[PDB]
file work28.cif (mmCIF, C-alpha atoms and all ligand atoms)
data_run
loop_
_atom_site.label_atom_id
_atom_site.label_comp_id
_atom_site.auth_asym_id
_atom_site.auth_seq_id
_atom_site.Cartn_x
_atom_site.Cartn_y
_atom_site.Cartn_z
CA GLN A 39 17.95 4.01 -5.70
CA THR A 40 15.17 1.42 -5.68
CA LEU A 41 11.46 0.66 -5.26
CA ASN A 42 10.11 -2.73 -4.18
CA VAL A 43 6.95 -3.51 -6.13
CA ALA A 44 4.62 -6.48 -6.46
CA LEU A 45 2.36 -6.88 -9.49
CA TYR A 46 -0.75 -9.08 -9.51
CA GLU A 47 0.54 -12.33 -10.92
CA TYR A 48 -2.63 -14.38 -11.32
CA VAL A 49 -3.11 -13.29 -14.92
CA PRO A 50 -2.45 -15.19 -18.18
CA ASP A 51 0.90 -13.47 -18.68
CA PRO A 52 2.52 -11.58 -15.80
CA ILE A 53 5.64 -11.11 -17.89
CA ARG A 54 3.78 -8.85 -20.30
CA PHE A 55 2.76 -6.74 -17.28
CA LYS A 56 6.32 -6.56 -15.96
CA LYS A 57 7.73 -5.42 -19.31
CA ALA A 58 4.97 -2.85 -19.78
CA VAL A 59 5.59 -1.38 -16.33
CA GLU A 60 9.39 -1.43 -16.70
CA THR A 61 9.14 0.25 -20.09
CA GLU A 62 6.80 3.03 -19.02
CA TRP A 63 8.62 3.56 -15.70
CA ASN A 64 12.08 3.74 -17.28
CA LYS A 65 10.89 6.47 -19.63
CA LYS A 66 10.03 8.59 -16.61
CA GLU A 67 12.50 7.44 -13.96
CA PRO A 68 15.55 6.16 -15.72
CA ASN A 69 17.47 6.41 -12.45
CA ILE A 70 15.18 4.47 -10.12
CA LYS A 71 15.38 0.60 -10.30
CA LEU A 72 12.23 -1.46 -9.90
CA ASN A 73 12.69 -4.50 -7.67
CA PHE A 74 9.90 -6.90 -8.69
CA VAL A 75 8.81 -9.12 -5.78
CA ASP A 76 6.58 -12.17 -6.00
CA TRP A 77 4.25 -11.34 -3.13
CA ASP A 78 0.93 -13.04 -2.66
CA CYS A 79 -1.90 -11.10 -1.02
CA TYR A 80 -3.88 -14.33 -0.62
CA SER A 81 -1.12 -15.73 1.58
CA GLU A 82 0.11 -12.80 3.65
CA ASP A 83 0.01 -9.11 4.47
CA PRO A 84 2.42 -6.74 2.69
CA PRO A 85 5.92 -6.51 4.27
CA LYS A 86 7.02 -3.09 5.54
CA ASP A 87 9.56 -2.87 2.69
CA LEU A 88 7.06 -3.49 -0.12
CA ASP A 89 6.66 0.05 -1.42
CA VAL A 90 4.02 -0.36 -4.12
CA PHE A 91 1.85 -3.43 -4.58
CA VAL A 92 -1.22 -4.73 -6.43
CA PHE A 93 -3.69 -6.74 -4.36
CA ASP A 94 -7.21 -8.18 -4.48
CA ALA A 95 -9.66 -5.64 -3.06
CA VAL A 96 -11.18 -8.34 -0.90
CA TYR A 97 -8.26 -7.44 1.45
CA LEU A 98 -8.72 -3.68 1.24
CA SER A 99 -10.70 -3.30 4.47
CA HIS A 100 -8.11 -5.45 6.26
CA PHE A 101 -5.18 -3.46 4.85
CA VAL A 102 -6.74 -0.11 5.75
CA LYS A 103 -7.82 -1.30 9.21
CA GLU A 104 -4.25 -2.39 9.97
CA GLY A 105 -3.05 0.91 8.53
CA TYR A 106 -0.86 -0.59 5.78
CA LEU A 107 -2.00 1.82 3.08
CA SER A 108 -1.24 5.46 2.56
CA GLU A 109 -4.14 7.66 1.55
CA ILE A 110 -3.99 8.76 -2.06
CA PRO A 111 -5.23 12.36 -2.45
CA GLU A 112 -7.60 12.54 -5.42
CA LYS A 113 -5.37 15.17 -7.05
CA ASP A 114 -2.57 12.57 -7.09
CA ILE A 115 -4.71 10.22 -9.20
CA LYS A 116 -3.99 10.94 -12.86
CA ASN A 117 -7.00 11.08 -15.21
CA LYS A 118 -9.25 9.92 -12.39
CA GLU A 119 -12.51 10.49 -14.27
CA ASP A 120 -11.45 8.00 -16.93
CA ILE A 121 -11.67 5.29 -14.24
CA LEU A 122 -14.85 3.25 -13.87
CA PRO A 123 -16.65 4.78 -10.88
CA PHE A 124 -17.72 1.55 -9.15
CA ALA A 125 -14.04 0.53 -9.15
CA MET A 126 -12.67 3.85 -7.82
CA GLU A 127 -15.44 3.98 -5.25
CA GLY A 128 -14.59 0.41 -4.23
CA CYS A 129 -11.13 1.73 -3.36
CA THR A 130 -12.49 4.67 -1.38
CA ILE A 131 -13.16 4.56 2.37
CA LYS A 132 -14.85 7.46 4.19
CA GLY A 133 -13.99 9.86 1.36
CA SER A 134 -10.35 8.83 1.03
CA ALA A 135 -8.88 6.64 -1.71
CA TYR A 136 -6.45 3.98 -0.47
CA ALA A 137 -5.77 2.33 -3.83
CA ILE A 138 -6.02 2.81 -7.58
CA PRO A 139 -7.89 0.06 -9.45
CA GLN A 140 -5.89 -1.73 -12.16
CA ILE A 141 -7.89 -4.84 -13.19
CA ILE A 142 -11.47 -5.96 -12.63
CA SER A 143 -12.69 -9.51 -13.08
CA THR A 144 -15.84 -11.61 -12.97
CA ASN A 145 -16.96 -15.09 -13.87
CA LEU A 146 -18.85 -15.35 -17.16
CA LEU A 147 -21.17 -17.95 -18.64
CA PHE A 148 -19.59 -18.98 -21.95
CA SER A 149 -21.76 -20.69 -24.59
CA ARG A 150 -21.15 -21.79 -28.20
CA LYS A 151 -22.53 -19.59 -30.98
CA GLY A 152 -25.83 -21.10 -32.14
CA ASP A 153 -26.66 -22.51 -28.70
CA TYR A 154 -29.66 -20.21 -28.11
CA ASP A 155 -30.94 -22.19 -25.08
CA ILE A 156 -27.80 -21.55 -23.07
CA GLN A 157 -27.33 -17.94 -24.06
CA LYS A 158 -30.83 -17.11 -22.68
CA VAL A 159 -29.95 -18.37 -19.17
CA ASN A 160 -30.10 -15.64 -16.44
CA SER A 161 -29.09 -17.67 -13.41
CA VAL A 162 -27.49 -20.92 -12.31
CA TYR A 163 -31.04 -22.20 -11.70
CA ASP A 164 -31.99 -21.55 -15.34
CA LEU A 165 -28.72 -23.25 -16.28
CA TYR A 166 -29.59 -26.33 -14.21
CA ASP A 167 -33.01 -26.71 -15.88
CA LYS A 168 -31.05 -26.88 -19.14
CA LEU A 169 -28.02 -28.98 -18.20
CA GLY A 170 -29.23 -31.18 -15.35
CA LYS A 171 -26.78 -33.21 -13.25
CA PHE A 172 -23.52 -34.65 -14.52
CA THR A 173 -23.41 -37.88 -12.52
CA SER A 174 -20.12 -39.26 -13.77
CA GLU A 175 -16.76 -38.95 -12.05
CA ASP A 176 -15.06 -38.34 -15.39
CA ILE A 177 -12.82 -35.30 -15.29
CA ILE A 178 -13.15 -35.15 -19.07
CA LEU A 179 -16.75 -34.22 -19.91
CA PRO A 180 -18.51 -35.54 -23.03
CA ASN A 181 -18.82 -33.45 -26.19
CA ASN A 182 -21.51 -30.80 -25.65
CA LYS A 183 -22.62 -32.16 -22.27
CA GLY A 184 -22.24 -30.76 -18.74
CA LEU A 185 -20.81 -27.67 -17.11
CA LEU A 186 -17.12 -26.88 -17.20
CA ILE A 187 -16.18 -24.84 -14.13
CA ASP A 188 -13.17 -24.59 -11.83
CA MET A 189 -14.37 -24.99 -8.23
CA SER A 190 -11.06 -26.51 -7.09
CA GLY A 191 -9.86 -23.66 -4.88
CA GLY A 192 -10.89 -23.34 -1.23
CA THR A 193 -10.66 -19.57 -1.26
CA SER A 194 -12.44 -19.32 -4.59
CA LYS A 195 -15.35 -21.32 -3.24
CA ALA A 196 -15.64 -19.21 -0.10
CA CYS A 197 -15.71 -16.14 -2.31
CA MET A 198 -18.39 -17.76 -4.46
CA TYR A 199 -20.48 -18.30 -1.33
CA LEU A 200 -20.18 -14.56 -0.51
CA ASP A 201 -21.20 -13.73 -4.10
CA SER A 202 -24.08 -16.16 -3.72
CA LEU A 203 -25.20 -14.42 -0.49
CA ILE A 204 -25.35 -11.07 -2.24
CA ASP A 205 -27.49 -12.41 -5.13
CA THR A 206 -29.65 -14.42 -2.70
CA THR A 207 -30.33 -11.54 -0.31
CA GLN A 208 -30.47 -9.08 -3.20
CA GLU A 209 -28.36 -6.72 -1.09
CA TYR A 210 -24.86 -5.56 -1.97
CA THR A 211 -22.61 -5.50 1.09
CA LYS A 212 -18.92 -5.02 1.82
CA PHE A 213 -19.23 -7.65 4.57
CA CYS A 214 -17.75 -5.50 7.37
CA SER A 215 -19.03 -8.37 9.50
CA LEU A 216 -18.46 -11.63 7.68
CA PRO A 217 -21.28 -14.25 7.56
CA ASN A 218 -21.86 -16.81 10.32
CA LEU A 219 -20.46 -20.12 9.16
CA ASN A 220 -22.33 -22.06 11.84
CA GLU A 221 -25.59 -21.00 10.19
CA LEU A 222 -25.15 -21.17 6.40
CA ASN A 223 -27.77 -19.50 4.20
CA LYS A 224 -29.44 -22.55 2.68
CA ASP A 225 -30.42 -20.93 -0.61
CA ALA A 226 -27.07 -19.26 -1.16
CA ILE A 227 -25.12 -22.46 -0.57
CA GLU A 228 -27.64 -24.39 -2.72
CA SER A 229 -26.38 -22.37 -5.70
CA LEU A 230 -22.88 -23.79 -5.24
CA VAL A 231 -24.30 -27.30 -4.80
CA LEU A 232 -26.14 -26.90 -8.12
CA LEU A 233 -23.06 -25.67 -9.96
CA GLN A 234 -21.07 -28.65 -8.70
CA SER A 235 -23.82 -31.10 -9.66
CA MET A 236 -23.84 -29.82 -13.27
CA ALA A 237 -20.08 -30.25 -13.43
CA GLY A 238 -19.68 -33.51 -11.61
CA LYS A 239 -17.82 -33.33 -8.32
CA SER A 240 -14.64 -34.79 -9.83
CA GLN A 241 -14.40 -32.18 -12.59
CA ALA A 242 -15.51 -29.26 -10.38
CA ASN A 243 -12.70 -29.90 -7.87
CA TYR A 244 -10.01 -30.89 -10.35
CA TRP A 245 -6.61 -29.23 -10.53
CA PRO A 246 -4.44 -30.39 -13.45
CA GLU A 247 -1.07 -32.03 -12.78
CA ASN A 248 0.56 -29.55 -15.18
CA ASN A 249 -0.89 -26.51 -13.35
CA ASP A 250 -2.68 -25.14 -16.45
CA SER A 251 -5.05 -22.59 -14.89
CA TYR A 252 -7.09 -22.40 -18.09
CA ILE A 253 -7.33 -26.03 -19.08
CA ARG A 254 -11.14 -26.05 -19.06
CA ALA A 255 -11.17 -23.16 -21.57
CA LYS A 256 -9.22 -25.37 -24.00
CA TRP A 257 -11.49 -28.37 -23.39
CA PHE A 258 -14.47 -26.13 -24.05
CA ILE A 259 -13.14 -24.86 -27.37
CA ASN A 260 -12.29 -28.46 -28.31
CA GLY A 261 -15.99 -29.36 -27.88
CA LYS A 262 -16.07 -30.74 -24.32
CA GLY A 263 -19.03 -29.69 -22.20
CA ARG A 264 -22.18 -27.79 -23.07
CA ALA A 265 -21.22 -24.58 -21.28
CA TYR A 266 -18.24 -23.09 -19.46
CA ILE A 267 -18.10 -20.74 -16.49
CA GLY A 268 -14.79 -18.90 -16.06
CA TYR A 269 -13.16 -15.45 -15.96
CA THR A 270 -12.99 -13.16 -19.00
CA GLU A 271 -9.26 -13.77 -19.26
CA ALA A 272 -9.97 -17.45 -20.11
CA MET A 273 -10.46 -16.20 -23.68
CA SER A 274 -6.69 -15.61 -23.80
CA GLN A 275 -6.32 -19.36 -24.30
CA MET A 276 -9.24 -19.75 -26.72
CA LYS A 277 -7.30 -18.50 -29.77
CA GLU A 278 -9.42 -17.49 -32.79
CA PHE A 279 -12.24 -19.66 -31.38
CA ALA A 280 -12.98 -16.81 -28.94
CA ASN A 281 -14.88 -15.38 -31.96
CA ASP A 282 -17.19 -18.40 -32.02
CA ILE A 283 -18.31 -18.00 -28.38
CA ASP A 284 -20.90 -15.91 -26.53
CA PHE A 285 -20.58 -14.66 -22.96
CA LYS A 286 -22.74 -13.03 -20.28
CA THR A 287 -22.97 -12.61 -16.51
CA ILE A 288 -25.53 -14.68 -14.70
CA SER A 289 -27.05 -14.60 -11.23
CA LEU A 290 -26.18 -17.07 -8.46
CA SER A 291 -29.76 -16.78 -7.24
CA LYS A 292 -33.22 -17.07 -8.76
CA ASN A 293 -33.33 -13.27 -8.42
CA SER A 294 -31.71 -10.63 -10.64
CA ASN A 295 -27.90 -10.66 -10.76
CA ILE A 296 -25.98 -8.15 -8.71
CA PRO A 297 -22.84 -8.06 -10.86
CA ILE A 298 -19.85 -8.44 -8.54
CA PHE A 299 -16.29 -7.84 -9.80
CA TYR A 300 -12.99 -8.68 -8.19
CA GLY A 301 -10.69 -5.67 -8.17
CA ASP A 302 -6.93 -5.89 -8.42
CA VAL A 303 -5.83 -2.56 -7.06
CA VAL A 304 -2.53 -0.75 -6.45
CA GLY A 305 -1.68 0.51 -3.00
CA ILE A 306 1.22 2.47 -1.56
CA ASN A 307 2.92 1.43 1.69
CA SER A 308 2.21 3.65 4.70
CA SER A 309 5.73 3.00 5.99
CA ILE A 310 7.02 5.37 3.33
CA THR A 311 7.47 8.65 5.22
CA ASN A 312 10.17 10.30 3.14
CA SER A 313 8.23 12.74 0.96
CA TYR A 314 10.55 12.39 -2.03
CA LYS A 315 10.22 8.61 -1.98
CA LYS A 316 6.51 9.05 -1.39
CA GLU A 317 6.31 11.12 -4.59
CA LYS A 318 8.15 8.41 -6.52
CA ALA A 319 5.78 5.67 -5.25
CA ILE A 320 2.67 7.66 -6.19
CA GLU A 321 4.20 8.06 -9.64
CA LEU A 322 4.80 4.30 -9.89
CA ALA A 323 1.26 3.57 -8.74
CA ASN A 324 -0.10 5.74 -11.53
CA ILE A 325 2.18 4.13 -14.11
CA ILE A 326 1.00 0.64 -13.05
CA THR A 327 -2.59 1.81 -13.58
CA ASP A 328 -2.34 4.14 -16.55
CA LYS A 329 -3.76 3.69 -20.03
CA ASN A 330 -0.53 3.07 -21.99
CA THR A 331 0.76 0.52 -19.47
CA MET A 332 -2.55 -1.37 -19.57
CA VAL A 333 -2.72 -1.37 -23.37
CA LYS A 334 0.84 -2.78 -23.63
CA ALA A 335 0.31 -5.32 -20.82
CA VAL A 336 -2.92 -6.69 -22.28
CA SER A 337 -2.35 -6.65 -26.06
CA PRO A 338 -0.48 -9.25 -28.11
CA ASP A 339 3.29 -8.86 -28.45
CA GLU A 340 6.26 -10.55 -30.18
CA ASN A 341 5.88 -13.68 -28.08
CA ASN A 342 2.11 -13.73 -27.69
CA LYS A 343 -0.37 -13.48 -30.49
CA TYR A 344 -3.60 -13.13 -28.45
CA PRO A 345 -4.79 -10.54 -25.95
CA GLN A 346 -4.97 -11.43 -22.26
CA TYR A 347 -8.68 -10.41 -22.24
CA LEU A 348 -8.38 -9.01 -18.73
CA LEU A 349 -10.81 -6.19 -17.93
CA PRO A 350 -9.14 -2.79 -17.48
CA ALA A 351 -10.58 -0.29 -15.01
CA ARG A 352 -10.17 2.64 -17.45
CA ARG A 353 -12.59 3.48 -20.28
CA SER A 354 -9.77 4.73 -22.51
CA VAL A 355 -8.06 1.33 -22.58
CA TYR A 356 -11.19 -0.35 -23.92
CA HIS A 357 -11.43 2.28 -26.66
CA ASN A 358 -7.85 1.67 -27.76
CA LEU A 359 -8.11 -2.14 -27.68
CA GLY A 360 -11.59 -2.25 -29.19
CA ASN A 361 -10.37 -0.91 -32.54
CA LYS A 362 -7.94 -3.79 -32.92
CA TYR A 363 -9.78 -6.50 -30.92
CA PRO A 364 -13.60 -6.39 -31.24
CA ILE A 365 -14.21 -8.71 -28.28
CA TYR A 366 -13.06 -5.84 -26.05
CA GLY A 367 -16.01 -3.89 -27.43
CA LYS A 368 -18.32 -6.50 -26.02
CA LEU A 369 -16.41 -6.75 -22.74
CA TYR A 370 -16.78 -2.99 -22.32
CA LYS A 371 -20.57 -3.35 -22.36
CA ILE A 372 -20.26 -5.65 -19.33
CA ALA A 373 -17.64 -3.53 -17.58
CA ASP A 374 -19.37 -0.14 -17.85
CA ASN A 375 -22.83 -0.87 -16.38
CA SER A 376 -23.45 1.55 -13.48
CA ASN A 377 -24.84 -1.21 -11.26
CA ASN A 378 -21.50 -3.06 -11.13
CA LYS A 379 -20.01 -3.50 -7.62
CA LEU A 380 -16.45 -4.17 -6.47
CA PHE A 381 -15.90 -7.31 -4.41
CA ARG A 382 -15.14 -6.13 -0.88
CA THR A 383 -14.90 -8.05 2.42
CA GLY A 384 -14.40 -6.96 6.00
CA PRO A 385 -11.15 -6.62 8.04
CA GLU A 386 -11.31 -10.19 9.44
CA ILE A 387 -11.29 -11.94 6.06
CA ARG A 388 -8.16 -14.04 6.66
CA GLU A 389 -9.51 -15.87 9.73
CA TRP A 390 -12.95 -16.19 8.18
CA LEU A 391 -11.56 -17.72 4.97
CA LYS A 392 -9.57 -20.23 6.99
CA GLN A 393 -12.78 -21.47 8.59
CA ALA A 394 -14.94 -21.00 5.50
CA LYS A 395 -12.69 -23.11 3.22
CA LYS A 396 -13.28 -26.14 5.40
CA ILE A 397 -16.97 -25.47 6.09
CA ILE A 398 -18.04 -24.80 2.49
CA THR A 399 -15.92 -27.67 1.12
CA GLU A 400 -17.27 -30.25 3.60
CA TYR A 401 -20.80 -29.11 2.88
CA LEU A 402 -20.21 -29.64 -0.85
CA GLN A 403 -18.66 -33.07 -0.20
CA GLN A 404 -21.98 -34.47 0.99
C1 LIG B 501 -7.79 -11.03 -12.98
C2 LIG B 501 -8.41 -11.69 -11.76
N1 LIG B 501 -9.10 -12.90 -11.91
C3 LIG B 501 -9.63 -13.49 -10.87
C4 LIG B 501 -9.51 -12.85 -9.54
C5 LIG B 501 -10.07 -13.49 -8.27
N2 LIG B 501 -9.11 -14.45 -7.81
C6 LIG B 501 -7.99 -14.83 -8.54
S1 LIG B 501 -7.10 -15.98 -7.63
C7 LIG B 501 -8.17 -16.02 -6.25
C8 LIG B 501 -8.09 -16.86 -4.93
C9 LIG B 501 -6.67 -17.34 -4.56
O1 LIG B 501 -6.05 -17.88 -5.73
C10 LIG B 501 -9.23 -15.07 -6.59
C11 LIG B 501 -10.39 -14.79 -5.63
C12 LIG B 501 -8.80 -11.60 -9.47
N3 LIG B 501 -8.63 -10.92 -8.20
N4 LIG B 501 -8.28 -11.08 -10.58
MG MG B 502 0.65 -19.51 0.32
MG MG B 503 -23.67 -11.77 -8.66
#
call {"tool": "encode", "arguments": {"input": "work28.cif", "output": "structure tokens"}}
result
Amino acid sequence: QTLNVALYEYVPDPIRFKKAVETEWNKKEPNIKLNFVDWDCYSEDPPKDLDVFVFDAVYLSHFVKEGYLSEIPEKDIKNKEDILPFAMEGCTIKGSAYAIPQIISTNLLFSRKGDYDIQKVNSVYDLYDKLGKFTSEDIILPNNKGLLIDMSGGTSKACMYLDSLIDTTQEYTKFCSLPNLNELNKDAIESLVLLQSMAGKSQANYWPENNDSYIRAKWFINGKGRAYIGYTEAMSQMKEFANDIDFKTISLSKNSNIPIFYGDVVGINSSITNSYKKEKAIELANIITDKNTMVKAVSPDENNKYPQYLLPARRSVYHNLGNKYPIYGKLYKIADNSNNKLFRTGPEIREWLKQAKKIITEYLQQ
């Protein structure tokens, strides 16, 4: 007896997640084996035999439209009120939940403690007035000069453009219809141009030969650059120096930030029609998203002395972690603001991204 399950693997330590899930699942279903698949939502739709899987909510509309996801009755969501509303709502279409949020994520502006100028920035335009252009092609920035930021990914940049549109238009949208790439919003794309100019084009588009996803976080701690924009989980590689840094969200426009968060959310395959198996999958989905699993997945363990610093979607996890790791107290203040929105895109995202990768990149190459 078996379930095929994919966890979200773009995290500092997916092994800690696997062990946490295995441990909590085994306590409840000692006679059902978990088959852990490496499945990549960014590359392809879920196979019919993938029973339970964690995916980026940008694909939610697509997955629901194609009918890949079973509805999850609200009574089948354990401790539902402990979940951050914007995240649960982001998983809810026309009154029905189609996923349970597990992780949320957003880019932060990181600055060094004592750098009051940077910490008072509200937007990338404020940041630019402070940093100016980095006009070198050096991948390695000078000490305390320039912006560290990873703009190497095609998909990431397209997503940044969407985020930029929302801050520029000052309207949150789920992009049921995705933007026209023949007529780019000049202001919104200007924000990406500015970011790249503060970083230098070479450093902005750099991917390291050793595939270290957090290399810029280490450079930053070592004194390279004036400021660093990256995800909260970058602090997982900052060691004790995480305590010597400040962080905040900033707007991609000259207007007030609409704080957009990626959601990594757990769905259950609609191909499951056997009600017993269906019950087991709903149980697994809750275990993947419950408090104890998240605490174990995120905290240090025998092989890892620092937290992952991923943002949970449950209040209770922050409370538990915040006693032991005070940075989580600060992260909670960012995570719990009622004006937070989950990053959603329409059903046709895959084709749009294909075209957008090329269009946004070539624009930024000028
Ligand atoms: C914890 C976490 N961090 C970042 C993202 C967003 N994200 C990660 S990889 C990628 C593009 C393809 O690699 C995007 C958009 C997320 N969903 N979850
Ligand atoms: Mg691929
Ligand atoms: Mg924003």
call {"tool": "atom_distance", "arguments": {"input": "work28.cif", "atom1": "atom CA of residue A:122", "atom2": "atom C9 of ligand LIG 501 (chain B)"}}
result
24.0 Å
call {"tool": "axis_aligned_box", "arguments": {"input": "work28.cif", "around": "ligand LIG 501 (chain B)", "padding_each_side": "3 Å", "output": "AutoDock Vina command-line options"}}
result
--center_x -8.2 --center_y -14.4 --center_z -8.8 --size_x 10.3 --size_y 13.0 --size_z 14.4
call {"tool": "residues_near_ligand", "arguments": {"input": "work28.cif", "ligand": "ligand MG 502 (chain B)", "cutoff": "10 Å", "atoms": "only C-alpha atoms and all ligand atoms", "output": "JSON, numbers by chain"}}
result
{"A": [77, 78, 79, 80, 81, 82]}
call {"tool": "residues_near_ligand", "arguments": {"input": "work28.cif", "ligand": "ligand MG 503 (chain B)", "cutoff": "10 Å", "atoms": "only C-alpha atoms and all ligand atoms", "output": "list in words"}}
result
residues 144, 145, 161, 198, 200, 201, 202, 203, 204, 205, 206, 208, 210, 287, 288, 289, 290, 291, 293, 294, 295, 296, 297, 298, 299, 378, 379 and 381 of chain A
call {"tool": "atom_distance", "arguments": {"input": "work28.cif", "atom1": "atom CA of residue A:385", "atom2": "atom CA of residue A:140"}}
result
21.4 Å
call {"tool": "closest_residue", "arguments": {"input": "work28.cif", "among": "A:89, A:247, A:51, A:94", "to": "ligand LIG 501 (chain B)", "atoms": "all atoms listed in the file"}}
result
A:94
call {"tool": "residues_around", "arguments": {"input": "work28.cif", "residues": "residue A:49", "least_positions_apart": "2", "cutoff": "8 Å", "atoms": "only C-alpha atoms", "output": "list in words"}}
result
residues 46, 47, 51, 52, 271, 346 and 348 of chain A
call {"tool": "residues_around", "arguments": {"input": "work28.cif", "residues": "residue A:76", "least_positions_apart": "6", "cutoff": "12 Å", "atoms": "only C-alpha atoms", "output": "PyMOL selection string"}}
result
chain A and resi 42-48+52-53+56+82+84-85+88+91-93
